[PDB]
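All chains are named by letter (A, B, ...) in the order of the sequence lines, taking the proteins before the strands, and each is independently numbered beginning at 1. Heavy atoms only: backbone and side chains are in, while hydrogens, waters and symmetry mates are out.
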Amino acid sequence: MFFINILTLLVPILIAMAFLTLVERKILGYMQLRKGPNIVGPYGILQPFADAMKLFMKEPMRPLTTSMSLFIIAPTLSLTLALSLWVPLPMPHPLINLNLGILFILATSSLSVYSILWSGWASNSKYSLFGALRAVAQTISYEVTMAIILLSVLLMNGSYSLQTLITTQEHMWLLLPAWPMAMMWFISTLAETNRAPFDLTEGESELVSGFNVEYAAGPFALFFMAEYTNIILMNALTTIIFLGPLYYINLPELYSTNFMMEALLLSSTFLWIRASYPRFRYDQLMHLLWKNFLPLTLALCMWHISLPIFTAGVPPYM
Amino acid sequence: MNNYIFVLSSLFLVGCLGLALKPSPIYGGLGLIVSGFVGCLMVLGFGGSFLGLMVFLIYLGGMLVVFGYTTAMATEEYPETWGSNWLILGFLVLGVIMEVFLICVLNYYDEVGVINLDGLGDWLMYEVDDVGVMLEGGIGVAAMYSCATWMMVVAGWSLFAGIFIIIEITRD
Amino acid sequence: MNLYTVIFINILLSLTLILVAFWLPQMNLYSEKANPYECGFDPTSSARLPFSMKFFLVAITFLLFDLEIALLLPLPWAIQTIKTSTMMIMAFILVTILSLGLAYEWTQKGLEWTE
Amino acid sequence: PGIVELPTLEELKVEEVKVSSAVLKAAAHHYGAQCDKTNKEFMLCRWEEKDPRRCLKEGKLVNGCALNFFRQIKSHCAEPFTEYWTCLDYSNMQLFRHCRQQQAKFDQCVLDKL
Amino acid sequence: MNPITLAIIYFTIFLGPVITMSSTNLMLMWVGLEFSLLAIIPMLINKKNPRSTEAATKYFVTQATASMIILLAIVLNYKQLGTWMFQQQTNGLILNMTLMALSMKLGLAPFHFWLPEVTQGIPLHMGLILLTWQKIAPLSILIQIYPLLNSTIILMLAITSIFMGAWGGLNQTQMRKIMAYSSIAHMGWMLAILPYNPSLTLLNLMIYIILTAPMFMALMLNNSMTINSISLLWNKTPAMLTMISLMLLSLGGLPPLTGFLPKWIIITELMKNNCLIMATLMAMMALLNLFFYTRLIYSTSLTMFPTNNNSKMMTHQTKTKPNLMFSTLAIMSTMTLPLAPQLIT
Amino acid sequence: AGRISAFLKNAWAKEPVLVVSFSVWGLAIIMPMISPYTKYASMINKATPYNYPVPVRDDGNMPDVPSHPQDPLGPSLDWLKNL
Amino acid sequence: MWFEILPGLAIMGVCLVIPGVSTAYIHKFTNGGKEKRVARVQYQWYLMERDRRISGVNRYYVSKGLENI
Amino acid sequence: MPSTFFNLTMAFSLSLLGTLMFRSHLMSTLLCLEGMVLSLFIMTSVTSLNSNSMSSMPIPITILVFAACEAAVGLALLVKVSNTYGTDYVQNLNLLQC
Ligand SMILES: CCCCCCCCCCCCO[C@@H]1O[C@H](CO)[C@@H](O[C@H]2O[C@H](CO)[C@@H](O)[C@H](O)[C@H]2O)[C@H](O)[C@H]1O
Ligand SMILES: CCCCCCCCCCCCO[C@@H]1O[C@H](CO)[C@@H](O[C@H]2O[C@H](CO)[C@@H](O)[C@H](O)[C@H]2O)[C@H](O)[C@H]1O
Ligand SMILES: CCCCCCCCCCCCO[C@@H]1O[C@H](CO)[C@@H](O[C@H]2O[C@H](CO)[C@@H](O)[C@H](O)[C@H]2O)[C@H](O)[C@H]1O
Ligand SMILES: CCCCCCCCCCCCO[C@@H]1O[C@H](CO)[C@@H](O[C@H]2O[C@H](CO)[C@@H](O)[C@H](O)[C@H]2O)[C@H](O)[C@H]1O
Ligand SMILES: CCCCCCCCCCCCO[C@@H]1O[C@H](CO)[C@@H](O[C@H]2O[C@H](CO)[C@@H](O)[C@H](O)[C@H]2O)[C@H](O)[C@H]1O
Ligand SMILES: CCCCCCCCCCCCO[C@@H]1O[C@H](CO)[C@@H](O[C@H]2O[C@H](CO)[C@@H](O)[C@H](O)[C@H]2O)[C@H](O)[C@H]1O
């Protein structure tokens with residue numbers, strides 16, 4: 001029964017990822033006065049399956065300068081970690097109930113950068129090395145504030161448990177008291193997922209394809225599957241932290257339906273943002289995070305230590 | 001499951017052997033990441049939680065900086081792996097064989113001393129407060145804010161002074 | 001057991017896709033195909049030569065700032081203390097000195113990348 | 001190098017309070033008020049004596065007191081109490097705040113009846 | 001360095017040893033040693049040339065390695081006894097690695113090889129801190145556990161340091177290397193007596209420090225880095241010739257100077273404990289130090305080496321140094337043997 | 001103090017993020033000192049019973065200790081119930 | 001037209017509700033018709049283990065009321 | 001506990017042996033120091049858990065804090081070495097023999 005539950009998490013999440021590739025291409029198309037896919041299946045709903053089958057039927061690259069162990073490992077690690085991020089998510093009940101589920105997310109997400117670093121290094125080509133070193137800079141930029149932003153929010157939660165966030169927001173979205181942190185959190189998740197305007201580790205106008213430039217066929221598909229799975233994950237996380245879906249102990253599915261709607265909306269704004277802005281320069285992302293977010297994040301952390309003490313609003317331990 | 005923690009501490013030992021052989025720092029950095037993960041599992045296995053997750057998170061950040069520094073300042077045309085040099089490979093294999101030998105012999109002479117292969121799993125958790133509530137490791141670490149503030153004063157000073165130190169070292 | 005089970009399945013699924021991707025397709029290996037890419041011309045050197053890091057000082061500052069947040073992550077347990085004034089002063093002092101450290105590095109041009 | 005003295009299995013026989021945690025939690029507030037004197041005697045023995053073998057007599061009075069408390073619920077308030085602990089047992093944390101309706105019905109019963 | 005950096009770094013250099021000397025917990029003692037290593041590195045490398053970079057790097061890797069071994073001992077003792085201080089019941093191997101690692105931090109032979117190289121690569125005023133202020137914290141730890149230490153390892157470290165400090169200083173033409181070997185020899189004496197009488201360890205440390213501080217100030221006056229440079233003193237600052245000569249003879253332990261007292265008292269105490277053979281060997285090889293100090297006295301005050309024409313322009317200039325701390329330490333390091341009973345008990 | 005007002009006004013227009021950071025930092029320090037509810041935060045942490053309240057042996061000289069949990073002696077929590 | 005984007009969105013939306021709903025139902029099926037018990041602290045684990053021991057069938061979720069005493 | 005602490009001490013000894021037996025890269029040695037730190041962190045953490053010593057859990061965190069400062073200084077020094085010589089090889093750091 002636990003194995004059936006693994007299937008009813010992984011398989012729907014992988015289908016949701018596949019169709020986000022379709023939704024992105026149609027939303028971007030319509031914002032560009034185009035249609036996007038509308039031939040391969042009705043309204044393009046078989047286009048993801050065609051791209052998947054094409055890639056896995058394609059010859060995978062075995063470049064000569066490549067260090068092959070890390071070359072294979074990196075895309076394998078990418079999809080593993082992307083899927084693993086979902087197991088503690090409470091929708092409203094998680095597959096794996098973790099006491100420190102938020103810290104699990106940070107550690108797992110932080111290991112995810114090494115798939116980019118090792119693939120770019122292992123490929124042993126100049127454009128892939130450029131992409132890897134941009135990932136180093138990207139993590140230094142946003143990881144400095146992402147955990148402090150989370151810290152301040154969880155001083156109203158009272159724990160690192162994701163399921164507790166549901167109870168914390170029983171009467172109100174955490175957006176309302178924490179909207180300045182929610183704004184900074186939202187920009188951080190864009191950078192954390194290497195999404196536009198911070199799509200720098202791939203950045204195709206500059207590095208051709210950056211970290212994955214030497215990758216073909218099915219190994220290339222794993223990086224793509226991992227990226228689209230993470231976009232859904234980070235927005236679902238944003239939904240549970242700041243937009244507390246309505247919870248009733250006798251109507252759990254109401255939470256799931258409301259969660260999906262808000263998560264779908266937050267994923268749409270990711271595609272909307274990509275269609276709207278130019279790219280940052282990767283030194284400018286570092287200055288955005290370290291000279292704007294970090295001062296305010298530190299001040300707000302101090303404010304959110306101060307708040308529960310002077311309002312006598314310390315949340316319960318349990 | 002009675003071999004679980006011994007297997008982990010055995011994996012940790014191999015990771016440090018790999019690091020000690022000092023291949024290219026790229027693979028050294030990877031070796032510490034795996035050892036850090038294995039070390040996190042051991043802390044978890046003994047009832048830890050916060051400490052295990054901290055050390056992995058800290059070492060994930062630490063090795064990312066080392067990766068960046070390696071590509072700029074510690075790289076050669078042909079970075080060495082564990083297999084590249086027959087001499088390093090032999091001492092990797094010999095080191096693993098000497099681990100099996102050392103554990104095997106010590107098991108024979110004492111049987112319950114340092115190695116107790118008969119009793120693995122019987123002496124992991126000693127006492128546990130069965131009906132307790134406030135017991136997790138994060139509570140202990142948090143005493144820096146209340147009962148062990150001197151520990152936090154010195155820790156905070158070293159990070160603060162570290163900023164002034166590294167700025168001085170690095171200016172031309 | 002459950003967390004081990006699902007992560008192994010995650011590893012198992014990823015490795016199966018890799019095996020399919022490497023054994024299903026028709027191959028055709030020859031030297032020009034597998035040479036490193038560089039926009040149609042040959043590379044003039046190894047990609048393994050030193051690549052200068054202009055943000056190296058920010059990078060090692062990040063090492064210290066990452067241990068600062070490690071000192072902050074017990075705060076959810078620390079706010080449960082009876083010694084609220086002590087905890088609050090320690091947290092306020094910790095955040096303020098980290099801000100002063102950032103402020104100093106900022107005014108020393110330590111966040112500017114080298115040229 | 002002395003022999004550790006252990007009570008016999010026969011000395012350790014008692015009438016078990018073998019009801020589930022939701023049953024205990026549902027009754028826990030009235031139980032604490034009704035069986036306090038016996039319960040506080042046993043806990044004072046344990047903390048003063050630091051030896052579970054020295055407190056077996058008081059431990060058995062704890063079990064008898066708990067069974068006399070639950071037999072009063074059974075004879076007078078069985079149905080209000082069953083409706084309450086069954087609702088409380090649904091929650092993954094067995095939270096009081098999800099069954100205030102059933103708690104009030106049980107509380108009113110043990111007030112009028114007992 | 002701007003003033004804010006100087007204040008923070010110098011404060012941390014001062015703070016580390018104060019933490020070590022005041023700490024009950026062995027972990028806080030280790031923290032104190034950590035502050036010392038971190039804070040002194042930017043001062044070592046401040047001038048930024050290849051030699052100072054080499055000196056700071058060699059200092060860092062030695063000191064950090066020794067710090068890990070010390071931490072291992074503290075952690076092993078915490079595992080054994082559930083406490084954060086060494087006891088009578090602490091495993092002897094744990095105590096022997098503490099002694100090994102602290103002696104490597106101090107530069108005692110045979111863990112000495114780094115110290116003459118680092119001293120040579122840094123400015124004189126930093127050599128002064130390295131050989132005086134930086135000795136106090138590791139010694140302070142050792143003094144706390146003096147009943148627990150193994151007399152065999154100590155005497156072997158001690159005699160080795162005296163032997164190599166002696167032979168080491170005999171080959172030097174660089175002043176910074178001569179002081180480093182003088183440090184190693186005197187540390188050998190400090191350590192030999194620690195397990196018997198730690199008060200005499202402190203007596204030797206104090207007399208060594210007030211001899212070494214004014215010797216470094218005398219080198220600093222004209223920046224004399226070599227024998228040939230210091231041999232020009234007769235033309236540049238002849239007034240210093242009397243006090244340098246007496247400080248050198250005092251460092252060598254010649255009576256009736258104050259520096260005879262530490263060697264005299266340590267021999268007395270070693271022989272109260274029947275440590276006759278080591279005391280004889282120590283005292284005999286300490287004469288080799290007096291040889292290379294004498295050769296130094298020969299080239300400064302007892303003969304006049306050739307001078308150069310540009311030195312006349314120096315005689316037209318006025319100096320503002322030394323400060324009056326030089327005269328105080330110079331006099332008290334040479335002329336206080338009559339007050340010996342007030343210094344030992 | 002007209003020179004600072006022009007300074008603060010320019011900083012608000014040109015460096016609003018830093019102005020907000022310093023203002024929030026200053027407010028966080030000030031608010032606990034002037035708030036009437038600051039005293040309760042410690043009192044609430046003190047009223048949470050994570051440990052069993054071990055009874056005391058009655059020696060006949062404890063007029064202040066309740067003999068039962070529903071005695072009118074001992075610490076009341078009415079302040080928190082109506083907080 | 002923009003509303004032709006919706007077929008992909010509906011498929012996405014259905015796929016994102018299944019995990020939450022399926023986990024909630026599978027928990028009740030495998031925990032005696034109740035929510036799966038959460039043991040954040042050792043006290044909660046102790047209660048589950050006691051529930052398992054008194055159940056008669058080695059299942060914590062099979063509850064025993066006053067009919068058992 | 002018995003066998004785990006033996007393996008952890010062996011892991012420290014190997015990391016120290018790595019530190020003491022240089023190859024060419026200074027960075028490879030800096031990684032060995034981080035290995036000793038990691039071993040000592042787990043040993044301290046496991047000891048505190050096994051003895052239920054909650055008042056000692058600050059200490060493992062302080063071990064990592066100062067190790068981060070040690071590692072930051074080590075990397076800062078390595079930048080200086082690389083600037084002088086264009087590599088991090090330790091054989092170049094030999095000017096102070098004379
Ligand atoms: C890098 C990976 C390294 C792998 C290291 C090796 C892993 C395997 C561990 C083997 C060590 C002994 O492993 C196992 O220990 C348990 C105790 O838990 C012993 O326990 C069992 O057998 C022994 C007697 O033979 C008795 O204790 C008893 O009958 C039973 O408990 C097993 O017989 C032994 O096989
Ligand atoms: C030169 C640089 C140094 C100066 C800068 C540092 C100033 C000192 C600031 C840290 C102050 C620590 O202050 C110290 O706090 C601890 C708790 O942590 C108090 O400790 C008190 O409460 C604890 C709680 O467990 C009791 O166990 C203990 O017996 C009792 O003394 C000390 O009584 C107080 O002296
Ligand atoms: C105990 C030892 C047992 C005996 C071992 C014998 C091993 C001999 C292996 C022969 C090679 C098989 O390996 C496979 O060969 C094919 C064609 O031969 C090549 O495969 C690919 O490259 C060549 C390039 O022209 C194409 O012609 C071929 O159609 C394509 O599939 C690769 O080289 C390899 O994928
Ligand atoms: C150089 C670094 C500078 C940055 C660091 C500055 C730190 C200074 C902090 C000043 C603010 C202290 O704010 C202080 O908060 C505490 C509680 O926390 C309040 O304390 C009040 O509530 C507490 C409960 O918490 C009661 O027990 C107490 O009797 C009452 O005074 C004080 O009334 C207020 O003065
Ligand atoms: C050395 C021990 C004795 C001194 C004790 C320490 C206190 C010293 C107090 C005086 C320090 C003031 O020193 C001052 O520092 C600031 C740091 O903001 C430096 O100034 C820095 O920020 C300002 C911003 O306007 C600019 O000058 C520039 O961006 C940067 O240099 C000044 O160039 C220096 O003059
Ligand atoms: C137990 C007995 C104690 C004995 C005390 C020892 C006294 C000091 C002995 C060392 C002598 C100092 O060394 C002596 O210094 C004086 C200056 O002071 C020099 O004096 C001479 O040369 C200098 C220039 O060099 C002239 O400026 C000076 O006027 C002239 O007299 C001597 O040429 C030198 O030999």
Spacing of [X] atom [atom1] and [Y] atom [atom2] [to the nearest 0.5 Å]:
X      : Y      : atom1 : atom2 : value
A:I273 : A:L190 : CD1   : CG    : 5.0 Å
F:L77  : F:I44  : CG    : CD1   : 9.5 Å
C:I69  : A:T297 : CD1   : OG1   : 12.5 Å

Looking only at heavy atoms, which two atoms of [X] and [Y] are closest? And how far apart?
X      : Y      : answer
A:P295 : F:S21  : C-OG, 3.5 Å
B:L57  : A:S110 : CD1-CB, 4.1 Å
B:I163 : C:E105 : CG2-OE1, 3.8 Å

Begin with the C-alpha distance, continue with both residues' side-chain angles, and end with the deciding distance and a verdict on ring pair (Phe, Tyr, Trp, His ring centres under 6.0 Å) for F:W79 and F:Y40. CA-CA 9 Å; F:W79 62 268; F:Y40 289 121; 5.6 Å; yes

Mind checking whether [X] and [Y] have parallel, tilted or perpendicular rings, split at 30° and 60°?
X      : Y      : value
A:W290 : C:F62  : tilted
E:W30  : H:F66  : perpendicular
A:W303 : A:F310 : tilted
A:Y255 : A:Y247 : perpendicular

Determine whether B:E136 and A:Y317 make a side-chain contact, defined as any pair of heavy atoms from C-beta on separated by less than 4.5 Å. yes

Quick one, E:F14 and E:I19 - any side-chain contact, counting heavy atoms below 4.5 Å? no

Decide, yes or no, whether a salt bridge links A:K291 with F:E15 under the criterion of side-chain N to carboxylate O below 4.0 Å. no

Would you say the ring centers of B:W157 and B:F160 fall short of 6.0 Å from each other? yes

Go through the steps to decide whether E:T5 and C:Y104 satisfy the test side chain to side chain donor-acceptor pair (under 3.5 Å), and finish with yes or no. CA-CA 10 Å; E:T5 306; C:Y104 177 80; 2.7 Å; yes

Would A:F104 and A:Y160 count as a ring pair (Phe, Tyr, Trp, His ring centres under 6.0 Å) if you check the C-alpha gap in whole Å, the side-chain angles of each, and the deciding distance to 0.1 Å? CA-CA 9 Å; A:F104 168 90; A:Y160 289 107; over 10 Å; no

Contacts of type salt bridge (charged side-chain N to carboxylate O under 4.0 Å, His left out), residue F:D78, not counting sequence neighbours: F:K81

Would you say the side chains of A:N157 and A:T164 form a donor-acceptor pair under 3.5 Å? no

